[PDB]
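What follows is the content of protein35.tsv (TSV, C-alpha atoms and all ligand atoms).
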```tsv
chain	number	residue	atom	x	y	z
A	316	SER	CA	77.41	201.09	262.81
A	317	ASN	CA	74.17	199.18	263.44
A	318	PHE	CA	72.51	199.41	266.86
A	319	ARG	CA	68.94	200.02	265.73
A	320	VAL	CA	67.37	196.61	264.92
A	321	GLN	CA	66.97	193.68	267.31
A	322	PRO	CA	65.55	190.29	266.26
A	323	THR	CA	62.29	189.53	268.04
A	324	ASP	CA	60.72	186.18	267.09
A	325	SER	CA	62.16	182.68	266.83
A	326	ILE	CA	60.69	180.10	264.47
A	327	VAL	CA	61.30	176.35	264.24
A	328	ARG	CA	60.63	174.13	261.23
A	329	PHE	CA	61.00	170.33	261.48
A	330	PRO	CA	59.70	167.60	259.15
A	331	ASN	CA	56.56	165.61	260.00
A	332	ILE	CA	57.94	162.55	261.93
A	333	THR	CA	55.63	161.05	264.54
A	334	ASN	CA	56.63	157.54	265.64
A	335	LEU	CA	59.18	157.38	268.43
A	336	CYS	CA	62.51	155.60	268.25
A	337	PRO	CA	62.86	151.93	269.29
A	338	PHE	CA	64.72	152.68	272.52
A	339	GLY	CA	63.58	149.57	274.35
A	340	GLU	CA	64.10	147.04	271.60
A	341	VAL	CA	67.78	147.99	271.38
A	342	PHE	CA	68.06	148.65	275.12
A	343	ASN	CA	66.62	145.60	276.89
A	344	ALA	CA	66.79	143.11	274.05
A	345	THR	CA	67.09	139.88	276.06
A	346	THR	CA	70.38	138.74	274.46
A	347	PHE	CA	73.14	141.11	273.36
A	348	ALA	CA	76.14	140.31	271.15
A	349	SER	CA	79.69	139.23	271.89
A	350	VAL	CA	82.29	141.98	271.76
A	351	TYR	CA	84.39	140.29	269.07
A	352	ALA	CA	81.29	139.95	266.83
A	353	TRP	CA	79.52	143.16	267.84
A	354	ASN	CA	76.17	144.08	266.34
A	355	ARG	CA	75.51	147.07	264.06
A	356	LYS	CA	72.01	148.33	263.26
A	357	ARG	CA	70.64	151.30	261.32
A	358	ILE	CA	68.07	153.72	262.76
A	359	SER	CA	65.73	155.75	260.56
A	360	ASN	CA	62.42	157.64	260.70
A	361	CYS	CA	62.59	158.49	264.39
A	362	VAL	CA	61.75	161.12	266.93
A	363	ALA	CA	64.80	160.41	269.08
A	364	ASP	CA	63.44	161.02	272.57
B	711	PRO	CA	121.51	222.26	212.98
B	712	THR	CA	119.82	223.91	210.02
B	713	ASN	CA	116.10	222.98	210.50
B	714	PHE	CA	113.93	221.88	213.44
B	715	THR	CA	110.96	219.78	214.48
B	716	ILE	CA	107.93	220.23	216.74
B	717	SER	CA	107.14	217.14	218.81
B	718	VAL	CA	104.11	216.46	221.03
B	719	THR	CA	104.54	213.85	223.77
B	720	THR	CA	102.30	212.28	226.41
B	721	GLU	CA	102.76	211.65	230.14
B	722	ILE	CA	100.30	209.82	232.41
B	723	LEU	CA	100.17	210.09	236.23
B	724	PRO	CA	97.94	208.59	238.95
B	725	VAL	CA	96.44	211.10	241.36
B	726	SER	CA	94.08	209.17	243.63
B	727	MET	CA	92.59	205.79	244.49
B	728	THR	CA	89.30	204.43	245.83
B	729	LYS	CA	87.93	205.24	249.29
B	730	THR	CA	86.59	202.37	251.39
B	731	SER	CA	85.05	201.74	254.80
B	732	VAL	CA	84.74	198.54	256.81
B	733	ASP	CA	82.18	197.54	259.44
B	734	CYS	CA	84.04	195.54	262.07
B	735	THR	CA	81.09	193.72	263.66
B	736	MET	CA	79.37	192.87	260.38
B	737	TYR	CA	82.56	191.40	258.93
B	738	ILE	CA	83.56	189.44	262.04
B	739	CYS	CA	80.30	188.36	263.69
B	740	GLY	CA	77.58	189.03	261.13
B	741	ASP	CA	74.30	189.78	262.97
B	742	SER	CA	75.01	187.24	265.71
B	743	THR	CA	74.32	187.98	269.37
B	744	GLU	CA	76.47	185.22	270.87
B	745	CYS	CA	79.26	186.76	268.83
B	746	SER	CA	79.54	190.56	269.06
B	747	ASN	CA	79.08	189.97	272.76
B	748	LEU	CA	82.26	187.90	272.87
B	749	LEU	CA	83.71	190.58	270.58
B	750	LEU	CA	83.35	193.13	273.36
B	751	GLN	CA	85.90	191.64	275.77
B	752	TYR	CA	88.47	192.06	273.02
B	753	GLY	CA	90.08	195.46	272.79
B	754	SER	CA	89.69	198.59	270.66
B	755	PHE	CA	90.77	197.01	267.38
B	756	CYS	CA	87.80	198.47	265.50
B	757	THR	CA	87.97	202.20	266.17
B	758	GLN	CA	91.69	202.22	265.38
B	759	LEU	CA	90.97	200.64	261.99
C	801	LIG	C1	112.66	221.98	207.05
C	801	LIG	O1	111.95	220.77	207.15
C	801	LIG	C2	110.63	220.82	206.66
C	801	LIG	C3	110.02	219.47	206.99
C	801	LIG	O2	109.93	219.41	208.41
C	801	LIG	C4	110.64	221.13	205.19
C	801	LIG	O3	109.29	221.38	204.83
C	801	LIG	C5	108.93	220.61	203.68
C	801	LIG	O4	109.24	221.22	202.45
C	801	LIG	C6	109.16	220.27	201.40
C	801	LIG	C7	109.66	220.96	200.14
C	801	LIG	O5	109.05	222.25	200.08
C	801	LIG	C8	107.72	219.80	201.29
C	801	LIG	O6	107.63	218.86	200.21
C	801	LIG	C9	106.45	219.14	199.42
C	801	LIG	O7	105.47	218.12	199.56
C	801	LIG	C10	104.25	218.41	198.87
C	801	LIG	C11	103.26	217.27	199.11
C	801	LIG	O8	103.05	217.12	200.51
C	801	LIG	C12	104.54	218.58	197.39
C	801	LIG	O9	103.33	218.92	196.70
C	801	LIG	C13	105.57	219.68	197.18
C	801	LIG	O10	105.89	219.78	195.79
C	801	LIG	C14	106.82	219.34	197.96
C	801	LIG	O11	107.42	218.14	197.45
C	801	LIG	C15	107.36	219.12	202.60
C	801	LIG	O12	106.02	218.62	202.63
C	801	LIG	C16	107.48	220.16	203.69
C	801	LIG	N1	107.08	219.61	204.97
C	801	LIG	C17	106.25	220.29	205.75
C	801	LIG	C18	105.80	219.62	207.01
C	801	LIG	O13	105.87	221.40	205.44
C	801	LIG	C19	111.38	222.44	205.02
C	801	LIG	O14	111.51	222.78	203.64
C	801	LIG	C20	112.77	222.35	205.59
C	801	LIG	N2	113.37	223.64	205.42
C	801	LIG	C21	114.66	223.77	205.15
C	801	LIG	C22	115.24	225.13	205.42
C	801	LIG	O15	115.31	222.85	204.70
C	802	LIG	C1	61.63	145.15	276.69
C	802	LIG	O1	61.18	146.26	275.89
C	802	LIG	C2	59.92	146.04	275.23
C	802	LIG	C3	59.64	147.28	274.41
C	802	LIG	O2	58.90	148.23	275.15
C	802	LIG	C4	58.83	145.75	276.25
C	802	LIG	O3	57.62	145.45	275.58
C	802	LIG	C5	59.24	144.59	277.15
C	802	LIG	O4	58.27	144.41	278.18
C	802	LIG	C6	60.60	144.86	277.77
C	802	LIG	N1	61.01	143.74	278.60
C	802	LIG	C7	61.42	143.89	279.87
C	802	LIG	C8	61.81	142.63	280.58
C	802	LIG	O5	61.48	144.99	280.40
```

Show me, as structure tokens, the structure contained in the file I just sent.
Amino acid sequence: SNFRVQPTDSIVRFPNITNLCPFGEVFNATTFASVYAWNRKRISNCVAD
Amino acid sequence: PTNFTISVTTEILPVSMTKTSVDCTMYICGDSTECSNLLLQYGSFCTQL
């Protein structure tokens, strides 16, 4: 069997996204929506921190 | 009978088949370290094969 090779390094490759996510315009957002007419919004081009 | 005949016939027989070998860890885990460390608290189902 194989006991002779152990992986050594670990590499990461992510695309070049810089602007952070709008957590603060969907999180304080003076007025929210009623539950029976809830609000749906798409999120794109984010570094989700 | 008053005359005869010489007849040549054919018979075909298998004698052997192919020889194989299986690596247990490479088939199950496949160069993973999280696996093949969980496949050590299982039993001896890889020497007996
Ligand atoms: C026992 O059987 C054999 C056949 O297994 C007989 O032999 C055959 O004899 C005949 C007559 O002699 C041969 O016919 C000849 O054919 C040639 C052309 O191929 C022709 O030029 C001749 O004029 C004649 O017609 C036949 O070919 C021959 N077969 C073999 C394989 O030799 C044999 O005569 C029989 N014997 C008894 C005791 O009946
Ligand atoms: C709501 O979030 C926005 C985005 O950062 C910020 O500018 C604003 O001051 C916040 N309002 C309150 C009351 O925190």

Chain B residues within 10 Å of chain A, counting all atoms listed in the file: which ones, as a compact mmCIF listing (two decimals) with C-alpha atoms, keeping the file's coordinate frame?
```txt
# COMPACT_ATOMS: atom_id res chain seq x y z
CA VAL B 732 84.74 198.54 256.81
CA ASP B 733 82.18 197.54 259.44
CA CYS B 734 84.04 195.54 262.07
CA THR B 735 81.09 193.72 263.66
CA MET B 736 79.37 192.87 260.38
CA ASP B 741 74.30 189.78 262.97
CA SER B 742 75.01 187.24 265.71
CA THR B 743 74.32 187.98 269.37
```

| task | Return as an MDAnalysis selection string every polymer residue, whether protein, DNA or RNA, with at least one atom no more than 7 Å from an atom of ligand LIG 801 (chain C); count all atoms listed in the file. | result | chainID B and resid 712:715

| query | Can I get the residues close to ligand LIG 802 (chain C) as JSON, numbers by chain, where close means within 6 Å and we count all atoms listed in the file? | reply | {"A": [339, 340, 343]}

| task | To one decimal in Å, tell me the separation between atom CA of residue A:336 and atom CA of residue A:362. | result |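 So the two atoms, atom CA of residue A:336 and atom CA of residue A:362, lie 5.7 Å apart.
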
| Any idea what the distance is between atom CA of residue B:747 and atom CA of residue A:318? |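 A separation of 12.9 Å between them.
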
| For atom CA of residue A:324 and atom CA of residue B:752, the interatomic separation in Å (one decimal) | 29.0 Å

With 6 Å of padding per side, what axis-aligned box (centre and edge lengths, Å, one decimal) covers all the listed atoms of stretch 718-725 of chain B? Give it as lines of an AutoDock Vina configuration file.
```
center_x = 100.5
center_y = 212.5
center_z = 231.2
size_x = 20.1
size_y = 19.9
size_z = 32.3
```

| task | Might you pull out every residue within 9 Å of residue A:337, with all atoms listed in the file counted and same-chain residues fewer than 5 positions away left off, and present them as a ChimeraX atom specification? | result | /A:342,358,361,363

| said: From the options A:328, A:364, A:319, A:354, which residue's atoms come nearest to residue A:341, counting only C-alpha atoms? | reply: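 Residue with the minimum atom-to-atom distance to residue A:341: A:354.
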